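Understanding the architecture of this molecule
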Amino acid sequence: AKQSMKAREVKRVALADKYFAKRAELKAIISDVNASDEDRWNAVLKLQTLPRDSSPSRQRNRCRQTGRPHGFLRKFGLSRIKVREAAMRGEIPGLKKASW
Amino acid sequence: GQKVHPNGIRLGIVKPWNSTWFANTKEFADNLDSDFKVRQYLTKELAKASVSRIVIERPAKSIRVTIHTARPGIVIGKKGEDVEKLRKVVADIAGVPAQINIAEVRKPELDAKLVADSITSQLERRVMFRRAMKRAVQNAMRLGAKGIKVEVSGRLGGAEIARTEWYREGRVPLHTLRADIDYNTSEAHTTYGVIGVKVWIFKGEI
Amino acid sequence: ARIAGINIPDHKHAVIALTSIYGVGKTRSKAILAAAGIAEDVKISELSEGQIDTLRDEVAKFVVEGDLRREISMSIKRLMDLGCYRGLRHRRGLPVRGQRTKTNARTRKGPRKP
Amino acid sequence: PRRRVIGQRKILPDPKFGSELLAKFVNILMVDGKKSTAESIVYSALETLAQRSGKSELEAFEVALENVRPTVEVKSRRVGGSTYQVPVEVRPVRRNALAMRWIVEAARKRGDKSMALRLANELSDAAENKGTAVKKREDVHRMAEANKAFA
Amino acid sequence: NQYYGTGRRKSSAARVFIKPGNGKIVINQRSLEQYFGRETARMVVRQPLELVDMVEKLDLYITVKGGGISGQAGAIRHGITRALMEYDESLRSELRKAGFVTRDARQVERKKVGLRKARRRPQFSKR
Amino acid sequence: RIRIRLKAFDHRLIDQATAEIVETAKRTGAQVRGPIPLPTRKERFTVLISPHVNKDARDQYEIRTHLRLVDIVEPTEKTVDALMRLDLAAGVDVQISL
Amino acid sequence: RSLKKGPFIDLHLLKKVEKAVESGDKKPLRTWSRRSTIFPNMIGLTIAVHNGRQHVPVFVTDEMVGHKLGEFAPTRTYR
RNA sequence: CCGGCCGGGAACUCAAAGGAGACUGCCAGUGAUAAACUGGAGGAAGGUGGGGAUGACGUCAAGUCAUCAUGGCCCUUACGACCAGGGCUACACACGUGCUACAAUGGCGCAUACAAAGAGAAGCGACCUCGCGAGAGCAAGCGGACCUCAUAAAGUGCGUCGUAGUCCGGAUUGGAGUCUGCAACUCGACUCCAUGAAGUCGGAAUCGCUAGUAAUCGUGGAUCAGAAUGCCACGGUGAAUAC
Ligand SMILES: [Mg+2]
Ligand SMILES: [Mg+2]
């Protein structure tokens, strides 16, 4: 729960989607079957500048309330310890405990 | 940690839900986060006014928030100005229209969370934990309580160590998967340290 | 039985002999028999030399044992002269098929000395 | 265990010809659950034994059943502490299973060709009393004759 | 005329239609020797008929699926008994003694937490 | 024409929500088809519980998501006149597809 | 193995050599981009490849054609 | 144009709901005629029939203040903040759980059967072109009992291999490559071509299992840009013994 670390995800996500990660104009065009022209170098010409801060592969895709890199679930938004506590409390529509 | 939460096992069987909205696996996290944030903001802003439980619902993205309290006179405030104001806050935080519904509890000693909040407020006053717990349980049993179990753990009374004390009056069948019970927990950060409470109250059979 | 001048893969199918040959294994045996026009269900002790010389010529196109280890040694010289991390790992005389060495490399690091 | 004293399951006979003996004989050699090949090989071996002996299968082995099946076993109840042989009566309920186990142990030997050739060969050797499964029959007899009237 | 038999061992759904006049067999438009006539359970589908009549009195049309070979083969061994109702009294009071009528409700127990399998406990150390 | 496919959480809720639809479209809506069971998904997965340690502690939570179909065949206008902005059994998700 | 269309290189590494090759580079170069490979232009160099505590100076030979800089950075001290 | 493809039926599998039934219910007998237990017929289902979550007071002042919070305390232009690279993958060595093998109830090649369960929208991606191949281009359809992942695999037969480290087995590196992500050696995975060990089924000692279980065969889900033999699940074939 390091504030700073949580902020790190914040500054990561604040520019990833605002920038090349969705604005993938430069790489998308370049890395293809087109001519082996200057475009090959041009590709990394932008990436050297690119804030490393911003790309999807970078972000950990972790929880939000706790800020915990592990146990997170891509489908709920929180860690295991918190999602279970909310589940057996009732704040998870239609989710309950079953057996086989 | 071997005792199961005796409501997670009864939610989809006999107990009512609290976050009711169906959707696809694209907005689950966002909706649940908005709900959690607004709900903790509500339990922070209206704590002193008996919020017994707070249930949520999201129909076609015009959400409903039901708040079961015991002091609606102060919740509504002046003709509901505070209500319509909190309606702005919920809509701002959730990005959607909001509809608030205030429900009233008759005897606040019917809500485990409410009695736990009472005990939490009492134990932050250098009060006698026994004179609080026994008084609450007898207050419940007099008006009628087919079962009650109230446990308190921590540095109670300055024990300086991990100490727990529970009081039982009636039948509290936490193993029978047929009944309806009320249960919740609270925490008091007395200057000694924190003190946790566990309150189960058993009235229903079906 | 006589291909390469040295190897005698006798009593081996037309392809089993080539697989047993030093220099090539499973695939080049079939490639050789295909480019030469022979089946892969008969031993080598039945084929005459009029075809064995052709098999010899057909295998004389790729690198051979006499040059297999020479190319390997050339790559090893490249590594040792570069001094790369791989060159060092090889010059320390350790097993060679991959990357992991700490706790499971016993196969070519031999048994424990102490 | 200690509470229950239940017995053994029922045996499902062969779909070819009713033989719980042969069903157990096959289940003893059965391994890993890959039963298609096991059945395909055992039935082939047995239909070959059929002509190897001149008679059908259910009787081809009935001649070596006695050669293999002994009449004694060993159970060492500690006497103030004891762990050596102590002769006892063998249970015929599972003596057939013990014989099926010994004969397959022996058939795994003679190993040069496939099973279909070697298990039938070992059963024929047992019929002429020439198998290690037939020798186990006397081995246990020797081990039992040593300490008579023990318990 | 026409009699329907349902079958179900080990998730294996079997759907049988039996008629009088012939005694042929067809498994999902396939023959017995075509699918498993010389494999495991190559005869269990005939035992219920071999008990009363198999050769040419009652001809069959089968559709089995939903699992393994042995599964579908026991599914037929069952569905035959369910289709055998034209003389239900004599087809049941006689066969119930030999079996072939039970569902054999056997289900593979799920992968169990902690356990590496349905029943195997992982390996210990004790030290 | 209106391929009606709805998704809900509970069966005692999806049935109660289909009841009013299959009553409205019959009193006005000209003989819709028959409610269809549509096999369902539950998302049976293993999650985790204990803090820090005891990997052998797990929980098996599920979300039984029921599915149903109606497939109104008559393209009458009273169908839409009755299905005009109504949401019953809040906590579910229906859809009007043609 | 690596990129199929265009060997990946960094600009801080490229530009410092491409333009100084006309001068001879006269000196080492502190490389913080060890994730790059070599090409016939980058030989004759005396570059200090970062390896943690410091930058190891290395002379470049024509044999280092398709190898990276960190390929020989000894962070494996081991005595 | 045999594709339920098109009419056609809701006969049938299947489907998601609502119910049915099973209970010692009935008969025999050792037994305090009690209870109970072996048995017997009926019995889709036999003795809590499937199993599953359910962990009672409590014990280790067990573990966790690095899920989270709070006390008490320390620091604070620093125990705080940020940037690049290395590390946790460094290994003479100890130990522990798993995948692979030690082969002929088996390896190799042809064709050849049926699963079940779950996933899939800045995602699953048929078809089709190219490429031995890893994948690369065109790219519908599908937010889904319809479109995709996605071909189950051991098996079935045939032919070969014929007891040798042998067509076994496959490992810690060569060379050429394929994808991921800016980025693939320090430190990803994958194919191909090539070399090919140890191990000939294992000492003391020790581990699991009472049935659709053990044993194995594959399949999918998480996490995830990529990254398992591991974790969690699906179903396939299929034991022995419990004196
Ligand atoms: Mg080594
Ligand atoms: Mg401890």
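Bear in mind the residue numbers are our own, running from 1 along each chain as written, so they may not match the entry, and residues with no coordinates are left out. Here every chain gets a letter starting at A, and every ligand a number starting at 1, in the order they are written. Any value reported refers to the chains on display, which are one part of a larger assembly. The basis for every side-chain value is the complete set of heavy atoms in the structure, and neither hydrogens nor water enter the calculation.

For this deposited structure, the header cites cryo-EM as the method used and 3.7 Å as the resolution.

With that settled, the discussion passes to the sheet that holds strand β2 (residues 46-50) of chain G. All names here are of chain G. Two strands are said to pair when DSSP picks up at least two bridges between them. Helix and strand labels come from DSSP, where a helix needs a run of H or I of at least four residues and a strand needs a run of E of at least two; each type is numbered from the N terminus. Pairing is mixed across the open sheet formed by three strands, whose spatial order is β1-β2-β3. Since the sheet does not close on itself, it has two edges, and those belong to β1 (30-31) and β3 (55-59), each with one partner. Across five bridges, the pairing between β2 and β3 is antiparallel. Each residue of the ladder has a partner; that of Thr46, found in β3, is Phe59.

Attention now moves to the packing of aromatic side chains. Two descriptors summarise a pair of aromatic rings, namely the distance from one centre to the other and the angle between the planes of the rings. Note on ring pairs: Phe, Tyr and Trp rings are taken, using the six-membered ring of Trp, and paired if centres are within 6.5 Å. Classes follow the plane angle, with under 30 degrees stacked, over 60 edge-to-face and the rest tilted. Enumeration over the complete set of coordinates arrives at eight aromatic pairs over all chains. The interplanar angle of 70° and the centroid separation of 6.1 Å between the aromatic rings of E:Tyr35 and E:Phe36 together place this pair among those described as edge-to-face. Ring-pair connections join several aromatic residues into one group, and the members of that group are E:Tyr4, E:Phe17 and E:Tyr61. Here the basic side chain of F:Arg44 rests over the ring of A:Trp100, its NZ or CZ set 3.6 Å away from the ring centre. Here, a charge over a ring means that NZ of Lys or CZ of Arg falls within 6 Å of the ring centre while also lying within 35 degrees of the ring normal.

Right, let's talk about helix α5 (residues 92-107) of chain D for a bit. An α-helix turns once every 3.6 residues. As a result, residues three or four positions apart point the same way. All names here are of chain D. The end-to-end C-alpha distance of α5, which contains 16 residues, comes to 22 Å, matching closely the 22 Å that a straight helix rising 1.5 Å per residue would cover. Every buried residue of α5 is accounted for by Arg95, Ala99, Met100, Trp102, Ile103, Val104, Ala106 and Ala107. In this structure, the buried side of α5 is in contact with α1 (20-29), α4 (62-68), β1 (73-74), α6 (115-127) and α7 (132-145). Working rule for helices: expected span equals 1.5 Å times residues minus one. Only protein chains enter the accessibility calculation, which uses a 1.4 Å probe; a residue is then buried when its area is under 20% of its type maximum, exposed when over 50%, and partly exposed in between. By the convention used here, residues are in contact when the closest approach between their heavy atoms is within 4.5 Å.

Glancing now at the protein's contact with RNA strand H. Being near a molecule or strand, for a residue, comes down to having at least one heavy atom within 4 Å of it. Residues in contact with RNA strand H amount to 174 residues; listed here are only the nearest, C:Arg89, C:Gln99, D:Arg91, E:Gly67 and E:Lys97. Here the atoms of RNA strand H within 4 Å of the protein split so that 71% fall in sugar or phosphate, with bases taking the remainder. We define a polar contact as two N or O atoms separated by no more than 3.5 Å, with the added condition that, inside protein, one atom must be a possible hydrogen donor and the other a possible acceptor, whereas residues neighbouring each other in sequence contribute only through side-chain atom pairs. Here a phosphate oxygen of RNA strand H sits 2.4 Å away from a polar atom, N or O, in the side chain of D:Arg118. Top element by residues in the surface near RNA strand H is helix α2 (residues 35-53) of chain D. It accounts for five residues. Residues are grouped as follows: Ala, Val, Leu, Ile, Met, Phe, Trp, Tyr, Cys and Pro are nonpolar; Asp, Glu, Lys and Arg are charged; all remaining types, including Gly, are polar. Here the surface near RNA strand H is composed, by residue class, of 44 nonpolar, 53 polar and 77 charged.

This brings us to the side chain of B:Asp111. All names here are of chain B. In this structure, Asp111 sits in the loop between β4 (98-104) and α4 (112-122). Counting rule applied: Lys, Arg positive; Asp, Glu negative; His and chain ends not counted. By definition here, a salt bridge exists when the distance from a side-chain nitrogen of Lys or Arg to a carboxyl oxygen of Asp or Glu is within 4 Å. Notably, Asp111 is buried but unbridged: the nearest opposite-charge side chain belongs to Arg53, and the N-O separation is 6.1 Å. Only 3.0 Å separates the side chain of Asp111 from the backbone nitrogen of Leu114, close enough to count as a polar contact.

With the rule as written, the count across this model stands at 34 salt bridges over all chains. Among the salt bridges present, the one from B:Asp33 reaches A:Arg64, with a minimum N-O distance of 2.5 Å. Of the two residues, B:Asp33 sits in helix α1 (residues 28-45) while A:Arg64 sits in the loop between α3 (39-49) and α4 (80-87), which places them in two different chains. A salt bridge links E:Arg92 to E:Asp88; the nearest nitrogen and oxygen atoms lie 3.1 Å apart. Of the two residues, E:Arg92 and E:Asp88 both sit in helix α4 (residues 88-92), four residues apart, roughly one turn of that helix. Overall, E:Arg92 belongs to the partly exposed group, its relative accessible area being 32%. Among the charged side chains, a salt-bridge network with shared partners connects A:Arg64, B:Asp33 and B:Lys37.

On to the pairing of strand β5 (residues 147-154) of chain B, then. Residue and element names in this part refer to chain B. Counting buried positions over the eight residues of β5 gives six, a clear majority of the element. Sheet topology note: the β5/strand β6 (residues 163-168) ladder contains six bridges and is antiparallel. Among the inter-strand pairings, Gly154 is bridged to a residue of β6, identified as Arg163.

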